[PDB]
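Peer 1: Quick one, entry-v3.pdb (PDB, C-alpha atoms (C1' of nucleotides)):
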```
ATOM      1  CA  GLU A   9     105.859 103.552 135.587
ATOM      2  CA  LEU A  10     103.902 106.464 134.119
ATOM      3  CA  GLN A  11     105.429 106.349 130.595
ATOM      4  CA  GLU A  12     106.284 109.952 129.825
ATOM      5  CA  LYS A  13     106.259 110.621 126.094
ATOM      6  CA  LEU A  14     106.992 113.931 124.379
ATOM      7  CA  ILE A  15     105.087 114.375 121.113
ATOM      8  CA  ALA A  16     106.176 117.696 119.629
ATOM      9  CA  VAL A  17     108.233 120.783 120.460
ATOM     10  CA  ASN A  18     107.330 124.031 118.698
ATOM     11  CA  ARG A  19     108.836 127.522 118.612
ATOM     12  CA  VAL A  20     106.451 130.442 119.090
ATOM     13  CA  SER A  21     107.117 134.190 118.964
ATOM     14  CA  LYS A  22     105.751 137.304 120.638
ATOM     15  CA  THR A  23     106.952 140.265 118.478
ATOM     16  CA  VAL A  24     108.002 143.086 120.848
ATOM     17  CA  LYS A  25     109.356 146.559 120.016
ATOM     18  CA  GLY A  26     112.962 145.343 120.107
ATOM     19  CA  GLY A  27     112.448 142.322 117.882
ATOM     20  CA  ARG A  28     110.802 138.953 118.193
ATOM     21  CA  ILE A  29     111.206 137.109 121.492
ATOM     22  CA  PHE A  30     110.903 133.345 121.200
ATOM     23  CA  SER A  31     109.683 130.664 123.562
ATOM     24  CA  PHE A  32     109.109 126.928 123.310
ATOM     25  CA  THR A  33     105.970 124.844 123.727
ATOM     26  CA  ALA A  34     105.860 121.119 124.429
ATOM     27  CA  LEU A  35     103.173 118.430 124.337
ATOM     28  CA  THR A  36     103.687 115.347 126.499
ATOM     29  CA  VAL A  37     101.304 112.500 127.308
ATOM     30  CA  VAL A  38     101.627 110.273 130.382
ATOM     31  CA  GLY A  39      99.897 107.081 131.439
ATOM     32  CA  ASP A  40     100.318 103.901 133.473
ATOM     33  CA  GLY A  41      99.410 101.416 130.754
ATOM     34  CA  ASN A  42      96.115  99.940 131.936
ATOM     35  CA  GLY A  43      93.585 102.622 131.006
ATOM     36  CA  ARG A  44      94.765 105.927 132.492
ATOM     37  CA  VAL A  45      96.027 108.676 130.188
ATOM     38  CA  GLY A  46      96.586 112.419 130.422
ATOM     39  CA  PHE A  47      98.171 115.194 128.373
ATOM     40  CA  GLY A  48      99.603 118.507 129.512
ATOM     41  CA  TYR A  49     100.639 121.351 127.237
ATOM     42  CA  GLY A  50     103.265 123.481 128.986
ATOM     43  CA  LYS A  51     105.350 126.351 127.620
ATOM     44  CA  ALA A  52     108.544 128.067 128.733
ATOM     45  CA  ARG A  53     111.488 130.066 127.434
ATOM     46  CA  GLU A  54     113.850 127.097 127.008
ATOM     47  CA  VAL A  55     113.245 123.563 125.761
ATOM     48  CA  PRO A  56     113.801 121.300 128.836
ATOM     49  CA  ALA A  57     111.787 123.613 131.090
ATOM     50  CA  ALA A  58     108.941 123.507 128.565
ATOM     51  CA  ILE A  59     108.916 119.702 128.574
ATOM     52  CA  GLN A  60     109.148 119.548 132.378
ATOM     53  CA  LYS A  61     106.220 121.961 132.705
ATOM     54  CA  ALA A  62     104.261 119.634 130.427
ATOM     55  CA  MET A  63     105.004 116.650 132.685
ATOM     56  CA  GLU A  64     103.493 118.340 135.735
ATOM     57  CA  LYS A  65     100.367 119.343 133.817
ATOM     58  CA  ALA A  66      99.956 115.843 132.369
ATOM     59  CA  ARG A  67     100.062 114.068 135.736
ATOM     60  CA  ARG A  68      97.173 116.090 137.206
ATOM     61  CA  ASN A  69      94.951 115.702 134.117
ATOM     62  CA  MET A  70      94.624 111.925 133.816
ATOM     63  CA  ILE A  71      91.329 110.254 132.876
ATOM     64  CA  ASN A  72      90.008 106.692 133.089
ATOM     65  CA  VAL A  73      89.761 104.519 129.953
ATOM     66  CA  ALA A  74      87.998 101.143 129.773
ATOM     67  CA  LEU A  75      89.764  98.565 127.594
ATOM     68  CA  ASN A  76      89.110  94.875 126.898
ATOM     69  CA  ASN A  77      92.402  92.917 127.021
ATOM     70  CA  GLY A  78      94.532  95.757 125.676
ATOM     71  CA  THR A  79      92.095  96.940 123.004
ATOM     72  CA  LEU A  80      89.008  99.127 122.629
ATOM     73  CA  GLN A  81      85.371  98.216 123.281
ATOM     74  CA  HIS A  82      83.699  99.496 120.109
ATOM     75  CA  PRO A  83      84.352 101.785 117.123
ATOM     76  CA  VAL A  84      84.327 105.311 118.538
ATOM     77  CA  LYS A  85      84.851 108.817 117.161
ATOM     78  CA  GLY A  86      86.358 111.987 118.623
ATOM     79  CA  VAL A  87      86.058 115.611 117.498
ATOM     80  CA  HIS A  88      88.050 118.596 118.739
ATOM     81  CA  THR A  89      88.635 121.760 116.664
ATOM     82  CA  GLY A  90      88.608 120.439 113.119
ATOM     83  CA  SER A  91      90.205 117.112 114.100
ATOM     84  CA  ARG A  92      87.884 114.168 113.454
ATOM     85  CA  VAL A  93      89.458 110.967 114.775
ATOM     86  CA  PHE A  94      88.142 107.442 114.158
ATOM     87  CA  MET A  95      89.295 104.373 116.108
ATOM     88  CA  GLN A  96      88.444 100.670 115.864
ATOM     89  CA  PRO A  97      88.715  97.938 118.515
ATOM     90  CA  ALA A  98      90.741  95.872 115.981
ATOM     91  CA  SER A  99      90.349  92.376 117.430
ATOM     92  CA  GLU A 100      93.983  91.322 117.396
ATOM     93  CA  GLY A 101      94.869  94.075 114.972
ATOM     94  CA  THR A 102      98.472  93.425 116.147
ATOM     95  CA  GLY A 103      99.878  96.911 116.370
ATOM     96  CA  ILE A 104      98.903 100.512 117.073
ATOM     97  CA  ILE A 105      98.027 101.453 113.499
ATOM     98  CA  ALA A 106      97.760 105.186 114.126
ATOM     99  CA  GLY A 107      99.282 108.403 112.846
ATOM    100  CA  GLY A 108     101.478 111.028 114.419
ATOM    101  CA  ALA A 109     100.298 112.288 117.849
ATOM    102  CA  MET A 110      97.497 109.683 117.770
ATOM    103  CA  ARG A 111      99.920 106.776 118.163
ATOM    104  CA  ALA A 112     101.707 108.326 121.152
ATOM    105  CA  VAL A 113      98.573 108.842 123.251
ATOM    106  CA  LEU A 114      97.550 105.222 122.572
ATOM    107  CA  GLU A 115     100.912 103.790 123.620
ATOM    108  CA  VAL A 116     100.782 105.213 127.145
ATOM    109  CA  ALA A 117      97.162 104.239 127.796
ATOM    110  CA  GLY A 118      98.134 100.576 127.407
ATOM    111  CA  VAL A 119      96.038  99.856 124.321
ATOM    112  CA  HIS A 120      97.920  97.794 121.752
ATOM    113  CA  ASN A 121      95.701  96.873 118.776
ATOM    114  CA  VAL A 122      93.920  99.839 117.160
ATOM    115  CA  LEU A 123      93.128 100.689 113.551
ATOM    116  CA  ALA A 124      92.931 104.480 113.842
ATOM    117  CA  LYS A 125      92.598 107.216 111.215
ATOM    118  CA  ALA A 126      92.551 111.002 111.676
ATOM    119  CA  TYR A 127      90.537 113.191 109.314
ATOM    120  CA  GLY A 128      90.327 116.969 109.132
ATOM    121  CA  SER A 129      93.220 118.848 110.658
ATOM    122  CA  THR A 130      96.134 116.823 112.005
ATOM    123  CA  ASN A 131      97.523 119.582 114.209
ATOM    124  CA  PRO A 132      99.240 117.638 117.026
ATOM    125  CA  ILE A 133      97.619 119.549 119.898
ATOM    126  CA  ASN A 134      94.066 119.134 118.629
ATOM    127  CA  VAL A 135      94.291 115.446 117.734
ATOM    128  CA  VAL A 136      95.339 114.532 121.275
ATOM    129  CA  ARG A 137      92.214 116.256 122.600
ATOM    130  CA  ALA A 138      90.267 114.447 119.872
ATOM    131  CA  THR A 139      91.421 110.976 120.926
ATOM    132  CA  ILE A 140      90.938 111.685 124.641
ATOM    133  CA  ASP A 141      87.391 112.892 123.901
ATOM    134  CA  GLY A 142      87.005 109.633 121.985
ATOM    135  CA  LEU A 143      88.358 107.375 124.721
ATOM    136  CA  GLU A 144      86.457 108.660 127.759
ATOM    137  CA  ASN A 145      83.201 108.699 125.794
ATOM    138  CA  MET A 146      83.797 105.004 125.114
ATOM    139  CA  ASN A 147      81.827 102.799 127.519
ATOM    140  CA  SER A 148      82.396  99.218 128.679
ATOM    141  CA  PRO A 149      79.775  96.424 128.551
ATOM    142  CA  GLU A 150      79.579  96.640 132.348
ATOM    143  CA  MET A 151      78.540 100.306 132.136
ATOM    144  CA  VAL A 152      75.973  99.693 129.385
ATOM    145  CA  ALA A 153      74.403  96.759 131.248
ATOM    146  CA  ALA A 154      74.293  98.970 134.353
ATOM    147  CA  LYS A 155      71.843 101.303 132.568
ATOM    148  CA  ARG A 156      70.212  99.113 129.893
ATOM    149  CA  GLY A 157      69.186  95.461 129.779
ATOM    150  CA  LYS A 158      70.346  94.894 133.385
ATOM    151  CA  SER A 159      72.279  91.731 132.447
ATOM    152  CA  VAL A 160      75.648  91.492 130.707
ATOM    153  CA  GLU A 161      74.636  88.168 129.125
ATOM    154  CA  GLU A 162      71.486  89.849 127.772
ATOM    155  CA  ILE A 163      73.122  93.105 126.646
ATOM    156  CA  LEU A 164      75.838  91.472 124.538
ATOM    157  CA  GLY A 165      74.032  88.203 123.818
TER     158      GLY A 165
ATOM    159  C1'   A B   1      88.775  76.931 107.312
ATOM    160  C1'   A B   2      87.378  80.349 103.112
ATOM    161  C1'   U B   3      89.789  86.771 105.235
ATOM    162  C1'   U B   4      92.387  89.715 111.106
ATOM    163  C1'   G B   5      91.460  95.174 108.536
ATOM    164  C1'   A B   6      92.033 102.068 107.929
ATOM    165  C1'   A B   7      99.435 105.817 110.192
ATOM    166  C1'   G B   8     100.997 110.532 108.113
ATOM    167  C1'   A B   9     104.557 114.501 106.789
ATOM    168  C1'   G B  10     106.463 119.223 104.512
ATOM    169  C1'   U B  11     104.945 124.073 102.840
ATOM    170  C1'   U B  12     100.770 130.491 103.378
ATOM    171  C1'   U B  13     102.341 133.508 109.377
ATOM    172  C1'   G B  14     106.318 137.647 113.522
ATOM    173  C1'   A B  15     103.854 133.582 115.779
ATOM    174  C1'   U B  16      98.598 130.926 115.927
ATOM    175  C1'   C B  17      94.262 128.010 114.779
ATOM    176  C1'   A B  18      91.443 127.044 110.519
ATOM    177  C1'   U B  19      90.521 126.711 105.301
ATOM    178  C1'   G B  20      92.849 125.282 100.915
ATOM    179  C1'   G B  21      96.045 123.769  96.996
ATOM    180  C1'   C B  22     100.974 121.856  95.858
ATOM    181  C1'   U B  23     104.573 118.034  97.138
ATOM    182  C1'   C B  24     106.581 113.443  99.547
ATOM    183  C1'   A B  25     106.976 108.400 101.952
ATOM    184  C1'   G B  26     103.410 103.044  99.354
ATOM    185  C1'   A B  27     102.150  99.516  95.644
ATOM    186  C1'   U B  28     102.185  98.370  90.505
ATOM    187  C1'   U B  29     104.040  98.008  84.854
ATOM    188  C1'   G B  30     104.166  94.154  78.049
ATOM    189  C1'   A B  31     108.166  99.199  80.515
ATOM    190  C1'   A B  32     112.378 102.466  78.765
ATOM    191  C1'   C B  33     117.104 104.662  80.142
ATOM    192  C1'   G B  34     121.918 105.114  83.245
ATOM    193  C1'   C B  35     125.462 102.337  86.048
ATOM    194  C1'   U B  36     126.497  97.354  87.340
ATOM    195  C1'   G B  37     126.201  92.073  86.454
ATOM    196  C1'   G B  38     127.323  84.758  89.018
ATOM    197  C1'   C B  39     123.771  80.559  88.301
ATOM    198  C1'   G B  40     119.049  78.134  87.987
ATOM    199  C1'   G B  41     113.688  77.716  87.844
ATOM    200  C1'   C B  42     108.849  79.390  85.851
ATOM    201  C1'   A B  43     106.761  83.104  82.897
ATOM    202  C1'   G B  44     106.816  87.424  79.549
ATOM    203  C1'   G B  45     108.741  89.740  75.044
ATOM    204  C1'   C B  46     106.474  95.682  68.177
ATOM    205  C1'   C B  47     102.403  98.947  73.392
ATOM    206  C1'   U B  48     104.584 103.064  67.648
ATOM    207  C1'   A B  49     103.365 102.291  60.962
ATOM    208  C1'   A B  50      96.093  97.848  60.355
ATOM    209  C1'   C B  51     103.475 100.845  57.216
ATOM    210  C1'   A B  52     106.046  98.324  53.082
ATOM    211  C1'   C B  53     107.681  93.442  52.442
ATOM    212  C1'   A B  54     113.300  89.763  49.644
ATOM    213  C1'   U B  55     113.503  84.343  50.897
ATOM    214  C1'   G B  56     111.846  79.642  53.125
ATOM    215  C1'   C B  57     107.705  77.406  55.362
ATOM    216  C1'   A B  58     102.369  77.685  57.698
ATOM    217  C1'   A B  59      96.797  72.282  54.255
ATOM    218  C1'   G B  60      96.587  68.742  52.680
ATOM    219  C1'   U B  61      94.960  63.693  52.123
ATOM    220  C1'   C B  62      92.654  59.312  49.999
ATOM    221  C1'   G B  63      94.419  53.560  44.957
ATOM    222  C1'   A B  64      89.767  50.098  50.288
ATOM    223  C1'   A B  65      86.106  55.982  44.674
ATOM    224  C1'   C B  66      87.987  55.872  39.077
ATOM    225  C1'   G B  67      90.620  55.709  34.307
ATOM    226  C1'   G B  68      95.396  54.682  34.545
ATOM    227  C1'   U B  69     101.384  54.063  34.163
ATOM    228  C1'   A B  70     105.315  59.339  34.408
ATOM    229  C1'   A B  71     108.842  57.498  37.740
ATOM    230  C1'   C B  72     110.524  53.507  41.718
ATOM    231  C1'   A B  73     111.386  48.328  43.373
ATOM    232  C1'   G B  74     110.443  43.356  42.157
ATOM    233  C1'   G B  75     108.082  39.385  39.510
ATOM    234  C1'   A B  76     106.793  37.039  34.856
ATOM    235  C1'   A B  77     108.417  36.315  29.731
ATOM    236  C1'   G B  78     111.435  37.624  25.492
ATOM    237  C1'   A B  79     116.191  37.779  24.211
ATOM    238  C1'   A B  80     121.491  36.768  24.459
ATOM    239  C1'   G B  81     125.583  38.090  26.653
TER     240        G B  81
END
```
Please express the file's structure as structure tokens.
Peer 2:
Amino acid sequence: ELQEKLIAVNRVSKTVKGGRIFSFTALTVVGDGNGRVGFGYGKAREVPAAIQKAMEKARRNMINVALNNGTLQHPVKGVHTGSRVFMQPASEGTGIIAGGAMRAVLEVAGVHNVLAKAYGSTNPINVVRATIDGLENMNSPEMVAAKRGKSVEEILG
RNA sequence: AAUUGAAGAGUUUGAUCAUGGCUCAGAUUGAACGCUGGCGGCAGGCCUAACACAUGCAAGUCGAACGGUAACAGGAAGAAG
């Protein structure tokens, strides 16, 4: 129903006097499949507790995304910490043409035809914040006609 | 009707985010090499020595331009078998 999807599991260290003590970080994205999407980071000492802590963070950080018939509205960009992400509406692009950690966030939002490309750093944590900054900044023709033109037949044409 | 088209990964660190190279997954070739090998179709086939070349062939034709008769096949005569 909410399409839980783990992206990456890492292994981080802390370096104490005894030695190095390890823990695990997860990155999971959830979403219904009609324009709601959220990621949660999560970290714990073992692997399945780190993924489960990511699931609880991802459910309470969902946003709203406007999509036209399972695809985007317009070409939009997204920037977060050296991760520049470009995305196209791809009018029947027929497939989520996106890279690692950019494909997974677009599968759970419900969007199906994107030509996407990630420039800069492709660190998996930062590119998920780059796409989510790109998707909620994207506006529908109903929102643009609500503030400009005052007619959806006059805004689009 | 005459284009509908854009994926990333590994590796600097105890771990991190950056920067930044290296490397890989793709397609292609007048290809070569190794192993293997049934048929057909359509193509392609000295990229190096514009190095050197045995032998054959690759530009002849026209008698309705002309003098002609070296052959060839007949004819016309002359003989004689």
Peer 1: Run the PyMOL selection byres ((chain A) within 7 of (chain B)) on the file and write out the hits as a PyMOL selection string.
Peer 2: chain A and resi 20-23+28+100-101+105-108+123-125
Peer 1: One number please: CA of residue 50 (chain A) to CA of residue 89 (chain A), in Å, one decimal.
Peer 2: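 Computing it gives 19.2 Å between the two atoms.
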Peer 1: Figure out the distance between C1' of residue 26 (chain B) and CA of residue 35 (chain A), please, to one decimal in Å.
Peer 2: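 Taking CA of residue 35 (chain A) as the start and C1' of residue 26 (chain B) as the end point, the length is 29.3 Å.
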Peer 1: Quick one, how far is CA of residue 42 (chain A) from CA of residue 70 (chain A)?
Peer 2: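 If I compute the distance from CA of residue 42 (chain A) to CA of residue 70 (chain A), I get 12.2 Å.
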Peer 1: Work out where the centre of an axis-aligned box around every listed atom of region 34-42 of chain B lies and how long its edges are once 6 Å is added on each side; give both in Å to one decimal as AutoDock Vina command-line options.
Peer 2:
```
--center_x 118.1 --center_y 91.4 --center_z 86.1 --size_x 30.5 --size_y 39.4 --size_z 17.8
```
Peer 1: Near residue 41 (chain A), counting only C-alpha atoms (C1' of nucleotides), which residues have an atom at most 12 Å away, once you skip same-chain residues fewer than 6 positions from it, shown as a PDB file with C-alpha atoms, in the coordinates of the input?
Peer 2:
```pdb
ATOM      1  CA  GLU A   9     105.859 103.552 135.587  1.00  0.00           C
ATOM      2  CA  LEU A  10     103.902 106.464 134.119  1.00  0.00           C
ATOM      3  CA  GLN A  11     105.429 106.349 130.595  1.00  0.00           C
ATOM      4  CA  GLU A  12     106.284 109.952 129.825  1.00  0.00           C
ATOM      5  CA  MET A  70      94.624 111.925 133.816  1.00  0.00           C
ATOM      6  CA  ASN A  72      90.008 106.692 133.089  1.00  0.00           C
ATOM      7  CA  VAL A  73      89.761 104.519 129.953  1.00  0.00           C
ATOM      8  CA  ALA A  74      87.998 101.143 129.773  1.00  0.00           C
ATOM      9  CA  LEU A  75      89.764  98.565 127.594  1.00  0.00           C
ATOM     10  CA  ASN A  77      92.402  92.917 127.021  1.00  0.00           C
ATOM     11  CA  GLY A  78      94.532  95.757 125.676  1.00  0.00           C
ATOM     12  CA  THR A  79      92.095  96.940 123.004  1.00  0.00           C
ATOM     13  CA  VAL A 113      98.573 108.842 123.251  1.00  0.00           C
ATOM     14  CA  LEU A 114      97.550 105.222 122.572  1.00  0.00           C
ATOM     15  CA  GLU A 115     100.912 103.790 123.620  1.00  0.00           C
ATOM     16  CA  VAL A 116     100.782 105.213 127.145  1.00  0.00           C
ATOM     17  CA  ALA A 117      97.162 104.239 127.796  1.00  0.00           C
ATOM     18  CA  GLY A 118      98.134 100.576 127.407  1.00  0.00           C
ATOM     19  CA  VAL A 119      96.038  99.856 124.321  1.00  0.00           C
ATOM     20  CA  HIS A 120      97.920  97.794 121.752  1.00  0.00           C
TER      21      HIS A 120
END
```
Peer 1: What lies within 10 Å of residue 63 (chain A) using only C-alpha atoms (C1' of nucleotides), ignoring chain neighbours under 6 positions off, as an MDAnalysis selection string?
Peer 2: chainID A and resid 12:14 34:38 46:50 57
Peer 1: Could you give me, as a short mmCIF file (atom, residue, chain, number, x, y, z; two decimals) with C-alpha atoms, keeping the file's coordinate frame, the residues within 9 Å of residue 71 (chain A), counting all atoms listed in the file and dropping anything in the same chain fewer than 3 positions from it?
Peer 2:
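Generated file (around.cif):
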```
data_model
loop_
_atom_site.label_atom_id
_atom_site.label_comp_id
_atom_site.auth_asym_id
_atom_site.auth_seq_id
_atom_site.Cartn_x
_atom_site.Cartn_y
_atom_site.Cartn_z
CA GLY A 43 93.58 102.62 131.01
CA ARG A 44 94.76 105.93 132.49
CA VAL A 45 96.03 108.68 130.19
CA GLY A 46 96.59 112.42 130.42
CA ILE A 140 90.94 111.68 124.64
CA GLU A 144 86.46 108.66 127.76
#
```
Peer 1: List, as a PyMOL selection string, every residue that the PyMOL selection byres ((chain B and resi 11) around 10) selects in the file provided.
Peer 2: chain B and resi 10+12+22-23
